[PDB]
Amino acid sequence: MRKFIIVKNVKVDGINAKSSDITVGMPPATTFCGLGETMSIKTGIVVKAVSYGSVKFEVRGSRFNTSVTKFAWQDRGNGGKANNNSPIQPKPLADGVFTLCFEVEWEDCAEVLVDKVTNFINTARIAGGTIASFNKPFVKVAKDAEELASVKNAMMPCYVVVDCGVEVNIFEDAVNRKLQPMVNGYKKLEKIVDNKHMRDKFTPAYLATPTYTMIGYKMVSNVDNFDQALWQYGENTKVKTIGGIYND
Amino acid sequence: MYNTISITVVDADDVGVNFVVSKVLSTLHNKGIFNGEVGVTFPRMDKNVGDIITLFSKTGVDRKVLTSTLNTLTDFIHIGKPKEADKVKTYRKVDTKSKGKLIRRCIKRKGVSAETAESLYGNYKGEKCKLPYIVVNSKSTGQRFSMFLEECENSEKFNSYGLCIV
Amino acid sequence: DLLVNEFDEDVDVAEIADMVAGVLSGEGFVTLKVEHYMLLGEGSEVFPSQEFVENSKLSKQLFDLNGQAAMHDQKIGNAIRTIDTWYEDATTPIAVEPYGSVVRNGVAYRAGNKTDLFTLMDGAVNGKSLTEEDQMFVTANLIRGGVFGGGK
Amino acid sequence: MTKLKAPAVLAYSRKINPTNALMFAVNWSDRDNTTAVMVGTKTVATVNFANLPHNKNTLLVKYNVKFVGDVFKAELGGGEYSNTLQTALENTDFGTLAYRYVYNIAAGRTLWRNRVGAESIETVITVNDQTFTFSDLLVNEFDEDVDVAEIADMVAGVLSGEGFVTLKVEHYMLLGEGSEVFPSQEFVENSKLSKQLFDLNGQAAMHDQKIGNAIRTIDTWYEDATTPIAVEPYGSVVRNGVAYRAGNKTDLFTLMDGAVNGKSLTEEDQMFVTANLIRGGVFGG
RNA sequence: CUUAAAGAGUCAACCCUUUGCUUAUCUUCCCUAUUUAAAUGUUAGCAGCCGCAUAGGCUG
């Protein structure tokens with residue numbers, strides 16, 4: 001039919017809050033889709049889509065400047081310099097509390113699914129952040145669009161992310177539409193020739209640059225079509241919602 | 001074998017089944033039956049007894065004195081024919097007393113006095129003496145316990161409602 | 001009350017180190033839930049993590065999570081991995097660092113003396129023999145994690 | 001030129017009006033020395049109780065019921081829909097409705113928990129200077145009594161036409177000294193906080209709407225019928241978590257719309273719809 | 001298969017002196033709150049005895 005598993009109040013400490021060179025804050029949908037796919041690889045459960053919501057969130061630092069992290073020495077040929085503060089790249093970190101909902105292909109009993117999900121989460125991070133504590137995951141199911149609303153409100157309370165597309169461009173839309181940019185995918189700039197230095201020796205490699213959309217945050221309740229708030233991979237190496245652009 | 005006869009409560013949804021069941025078992029105990037040779041068993045009990053109250057005995061249940069001792073409730077009651085079977089889940093009542101009761105015995109007897117001695121025993125109370133299977137009746141003393149029915153195997157000695165020991 | 005700069009023997013520290021070494025030596029995980037209680041006195045100053053920000057409004061900013069004083073995960077980490085009592089002229093335990101770096105004071109206790117993580121790792125890989133404590137130092141650097149760069 | 005819907009605020013006023021019931025104690029052979037049953041307050045951690053005195057053995061429940069005619073004249077509904085429904089129901093068997101109402105009154109269903117465990121029960125009804133007595137009637141069936149039909153004749157004359165009539169009802173129940181009596185229950189927010197019983201100047205009593213739910217219990221024309229339920233537009237008995245007229249085209253609104261829009265009604269359906277209009281409520285929107 | 005993988009912000013601190021918020025004031029007119037009702041959760045518990053008593057068992 002349609003099965004989901006919800007994990008509420010995922011306290012995460014130490015998030016890599018830089019999603020791109022011009023976006024620092026809430027981890028983007030690409031991150032949670034990658035998390036769902038990591039779980040798919042590690043457990044075998046097929047993950048159709050994911051929906052995430054912020055319960056608490058704070059970037060470290062002040063209002064207009066993010067915190068610095070103290071870089072520790074790490075590279076060879078630096079012993080003649082390890083007696084002084086290591087030079088330093090920017091790496092804003094954050095701390096938060098999220099609620100997750102994964103749509104899954106499951107035919108078995110709920111206890112097995114929940115235990116496999118918990119045993120995966122115990123080995124994961126979220127956007128690099130250490131997972132400190134999460135509630136017991138629970139399963140729900142929906143046949144018609146009425147039970148989908150119950151699955152939706154089961155995440156309460158949290159602010160989930162809807163995709164409202166780009167009219168002009170990121171900057172003009174931020175100024176005029178009072179919305180928030182978000183990394184939604186990537187654009188391939190050039191193929192990388194040699195995998196001498198890559199995570200794989202075989203997987204195709206490309207230099208890329210992020211592609212964005214314009215998102216909005218809304219209380220899972222006030223969202224009508226829950227599909228409009230479920231993110232998954234897809235066309236043209238982007239990610240998007242099952243229900244498309246948000247306007248009910 | 002035994003000698004069993006079942007009273008089933010019917011058409012009492014106006015007044016609730018379990019309330020009738022309690023009234024029936026009460027009227028039984030109050031005057032007459034359960035002379036040590038009768039006991040009670042509920043073949044449809046799941047939570048809060050159920051719809052059927054059977055009586056058993058080895059010396060034949062008087063089917064006709066029933067119908068005239070349950071004469072005040074006979075409109076919510078269907079008394080069955082004397083049927084027979086060898087095997088009867090037998091039950092017994094489970095007591096749980098509050099702490100204030102415990103403390104009065106521990107003052108009057110069990111050597112102690114004053115508050116400092118209350119706090120000695122009043123250290124940790126029952127914390128959570130939850131129970132299951134209720135039937136309610138107000139005793140002759142003047143209180144309203146909530147009887148609890150735990151399944152025991154046959155003691156073959158009963159007093160009033162349930163089993164005992166020897 | 002426990003002596004910090006000496007790793008004195010204790011049966012409960014060892015009873016927990018049993019499971020911790022069992023997880024580190026193999027696979028799996030183990031989570032300790034830690035509480036600390038300190039009798040400091042009514043109204044005593046506590047010391048949350050200090051923030052490294054360019055903030056003109058404050059001369060000293062303390063780390064906060066929805067207004068509550070807190071300490072950075074990475075500072076607790078730097079505290080835990082302070083176990084290195086094996087550098088030359090060893091005095092007190094320092095944090096596991098590939099160069100024995102204590103930038104805090106302007107010194108590195110493993111700089112240019114054949115005892116840095118990279119010299120010892122090249123040794124271990126290329127057939128050389130390792131002390132028990134050089135093994136411990138290299139594996140503790142692996143436990144620390146890192147992105148060690150330079151080479152080919 | 002075709003359809004006909006119902007007004008948005010189509011509403012009917014209730015036509016069976018019982019007063020609140022007061023609870024007294026008497027002796028079965030001393031019915032003139034009445035004493036009031038007082039509600040009881042005593043503490044735990046604090047709940048209410050209501051008992052008979054230790055020198056009286058019979059509970060006495062007094063109340064009244066006024067039957068009001070013009071049962072088709074709506075309270076806020078308009079003209080066309082309500083008047084054509086009145087025309088479609090003019091051949092309703094009012095005799096049966098009156099009989100079942102007055103019998104529920106006489107059989108003592110309105111006593112609820114107070115009739116359980118009674119040595120003997122006696123209902124005394126005054127109406128139009130005529131006194132009727134009923135003894136140990138059966139509740140679960142509509143037994144034939146000449147006095148019940150004699151009173152239901154006046155009641156059906158009122159319901160099928162105009163005016164009103166007042167049945168002044170007393171109930172005597174032989175229960176035994178110190179017995180527990182059962183007033184209406186009030187609101188309880190959580191299980192541990194205070195329980196409360198309904199009173200009037202401290203005297204135990206029963207809500208008028210409870211007696212009303214008792215008198216209204218006549219519906220036996222629901223699918224797979226059995227015992228008589230109270231007249232509700234959906235036949236809802238929330239105590240059983242079901243609605244025996246829900247989603248099977250046997251509800252009040254479907255039958256009403258049918259009666260107004262040409263369709264025909266059985267005698268059972270007509271009696272049900274008229275019993276609803278006598279119950280009252282808003283049947284629109 | 002998460003802009004993956006990695007990281008100590010740390011020491012110290014006198015914010016000090018002084019002060020008139022003053023005058024005046026129309027919140028007015030009109031009003032249908034209505035139909036209807038089971039608190040259920042049978043309540044859910046405890047008073048006395050034996051007891052070395054927070055072992056177990058028993059009284060209407």
# chains A, B, ... in the order shown; residues from 1 in each chain; ligands from 1

call {"tool": "residues_around", "arguments": {"residues": "residue 25 in chain D", "least_positions_apart": "3", "cutoff": "6 Å", "atoms": "only C-alpha atoms (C1' of nucleotides)", "output": "count of residues only"}}
result
5

call {"tool": "residues_around", "arguments": {"residues": "residue 132 in chain A", "least_positions_apart": "5", "cutoff": "9 Å", "atoms": "only C-alpha atoms (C1' of nucleotides)", "output": "MDAnalysis selection string"}}
result
chainID A and resid 10:13

call {"tool": "write_last_selection", "arguments": {"atoms": "N, CA and C atoms", "output": "compact mmCIF listing (two decimals), in the first residue's frame"}}
result
# COMPACT_ATOMS: atom_id res chain seq x y z
N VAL A 10 15.46 13.97 16.48
CA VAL A 10 16.83 13.54 16.24
C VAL A 10 17.72 14.73 16.62
N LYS A 11 18.20 14.72 17.86
CA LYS A 11 19.15 15.74 18.30
C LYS A 11 20.51 15.47 17.65
N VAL A 12 20.99 16.44 16.87
CA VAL A 12 22.25 16.30 16.14
C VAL A 12 23.15 17.47 16.50
N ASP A 13 24.39 17.17 16.86
CA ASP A 13 25.35 18.17 17.32
C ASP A 13 26.59 18.12 16.42

call {"tool": "interface_residues", "arguments": {"of": "chain D", "to": "chain E", "cutoff": "6 Å", "atoms": "only C-alpha atoms (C1' of nucleotides)", "output": "list in words"}}
result
residues 11, 210, 281 and 282 of chain D

call {"tool": "residues_around", "arguments": {"residues": "residue 92 in chain B", "least_positions_apart": "2", "cutoff": "9 Å", "atoms": "only C-alpha atoms (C1' of nucleotides)", "output": "ChimeraX atom specification"}}
result
/B:90,94,148-152,158,161-164

call {"tool": "write_last_selection", "arguments": {"atoms": "N, CA, C and O atoms", "output": "PDB file, in the first residue's frame"}}
result
ATOM      1  N   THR B  90     -10.681 -22.763  38.209  1.00  0.00           N
ATOM      2  CA  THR B  90     -11.108 -22.273  39.544  1.00  0.00           C
ATOM      3  C   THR B  90     -10.344 -20.987  39.872  1.00  0.00           C
ATOM      4  O   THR B  90      -9.158 -20.899  39.518  1.00  0.00           O
ATOM      5  N   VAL B  94      -7.596 -11.891  45.237  1.00  0.00           N
ATOM      6  CA  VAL B  94      -6.260 -11.367  45.515  1.00  0.00           C
ATOM      7  C   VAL B  94      -6.404 -10.045  46.256  1.00  0.00           C
ATOM      8  O   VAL B  94      -7.011  -9.098  45.740  1.00  0.00           O
ATOM      9  N   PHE B 148     -10.443  -9.140  43.152  1.00  0.00           N
ATOM     10  CA  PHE B 148      -9.581  -9.502  42.002  1.00  0.00           C
ATOM     11  C   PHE B 148      -9.580 -11.024  41.879  1.00  0.00           C
ATOM     12  O   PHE B 148      -9.411 -11.693  42.904  1.00  0.00           O
ATOM     13  N   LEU B 149      -9.754 -11.551  40.673  1.00  0.00           N
ATOM     14  CA  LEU B 149      -9.897 -12.982  40.442  1.00  0.00           C
ATOM     15  C   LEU B 149      -8.659 -13.502  39.726  1.00  0.00           C
ATOM     16  O   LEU B 149      -8.452 -13.219  38.541  1.00  0.00           O
ATOM     17  N   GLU B 150      -7.838 -14.260  40.446  1.00  0.00           N
ATOM     18  CA  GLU B 150      -6.669 -14.908  39.878  1.00  0.00           C
ATOM     19  C   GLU B 150      -6.946 -16.396  39.715  1.00  0.00           C
ATOM     20  O   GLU B 150      -7.522 -17.032  40.607  1.00  0.00           O
ATOM     21  N   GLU B 151      -6.550 -16.939  38.563  1.00  0.00           N
ATOM     22  CA  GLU B 151      -6.750 -18.357  38.289  1.00  0.00           C
ATOM     23  C   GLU B 151      -5.785 -19.194  39.117  1.00  0.00           C
ATOM     24  O   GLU B 151      -4.563 -19.049  39.002  1.00  0.00           O
ATOM     25  N   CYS B 152      -6.336 -20.070  39.948  1.00  0.00           N
ATOM     26  CA  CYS B 152      -5.568 -21.066  40.670  1.00  0.00           C
ATOM     27  C   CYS B 152      -6.074 -22.439  40.261  1.00  0.00           C
ATOM     28  O   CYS B 152      -7.212 -22.583  39.810  1.00  0.00           O
ATOM     29  N   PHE B 158     -13.580 -24.335  49.094  1.00  0.00           N
ATOM     30  CA  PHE B 158     -13.952 -22.956  48.820  1.00  0.00           C
ATOM     31  C   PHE B 158     -14.683 -22.368  50.017  1.00  0.00           C
ATOM     32  O   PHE B 158     -15.404 -23.072  50.731  1.00  0.00           O
ATOM     33  N   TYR B 161     -17.103 -17.099  47.691  1.00  0.00           N
ATOM     34  CA  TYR B 161     -16.892 -17.103  46.247  1.00  0.00           C
ATOM     35  C   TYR B 161     -15.808 -18.095  45.825  1.00  0.00           C
ATOM     36  O   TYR B 161     -16.059 -18.998  45.016  1.00  0.00           O
ATOM     37  N   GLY B 162     -14.590 -17.934  46.349  1.00  0.00           N
ATOM     38  CA  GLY B 162     -13.429 -18.604  45.784  1.00  0.00           C
ATOM     39  C   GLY B 162     -12.694 -19.600  46.663  1.00  0.00           C
ATOM     40  O   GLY B 162     -13.166 -19.960  47.745  1.00  0.00           O
ATOM     41  N   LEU B 163     -11.515 -20.024  46.200  1.00  0.00           N
ATOM     42  CA  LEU B 163     -10.739 -21.124  46.760  1.00  0.00           C
ATOM     43  C   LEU B 163     -10.146 -20.778  48.126  1.00  0.00           C
ATOM     44  O   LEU B 163     -10.232 -19.646  48.612  1.00  0.00           O
ATOM     45  N   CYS B 164      -9.512 -21.790  48.738  1.00  0.00           N
ATOM     46  CA  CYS B 164      -8.767 -21.661  49.990  1.00  0.00           C
ATOM     47  C   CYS B 164      -7.649 -22.695  50.094  1.00  0.00           C
ATOM     48  O   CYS B 164      -7.131 -23.161  49.074  1.00  0.00           O
TER      49      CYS B 164
END
